[PDB]
C-alpha cells in the first residue's frame, strides 16, 4: 500500500497502462480474438487478475472512443475486493440484426477490415483482436456501513 497487485494468467495477457499523470483509469487489453455478430453476447477474457484492497471497488468500464464509434456495449462490471479470478469484459454487439450480408468485418474503430481471403459476414459484425484496448479500470473508495432497519427516517 498504496500498491495494487496484478497477476498475468497467460502469455496473451498484457499489463494495464496508466500513461498520463492525470488519467483516472488503466487501459485494459483483450487476451483473445473474437468475432461478435449482431445481438451476440460474450464475456471477453483479459487473462489479468487483480487484488483490490478492502474499502475500494474496481469499475471495469467502457472506453470513450470505442463505445462512441461502434455498437459494442460494455456493461460496467463491479470488481470486489475479494475477487482474484480472471477479469471478464461483459460485452454485447448492440447492432440490429437486419439479416443483411457484407464481406467486411468492422474493427474497434468502426473501419472496414480488408481481407485477402474473401468471406461472407452479417452486416454490423465486429472483430476484436488480441491485445487491443477495449476497456479501462477505474478504482474508487466505497462506503459500507452495517445496515439498520427503521420504521421512519431520523432528520
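Positions refer to the first chain, counted from 1.
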The stretch whose C-alpha atoms carry the larger average B-factor in the entry, 43-51 or 113-121, is 113-121
Comparing mean C-alpha B factor in the record for 81-89 and 68-76, the higher one is 81-89
For residue 35, the third of its chain by CA B-factor is the lowest
Residue 59: C-alpha B-factor third of its chain, per the entry, is the lowest
For residue 127, the third of its chain by CA B-factor is the middle
On the chain's distribution of Cα B-factors, residue 24 falls within the third called highest
Binned into thirds over the chain's modelled residues, the C-alpha B-factor of residue 134 lands in the middle
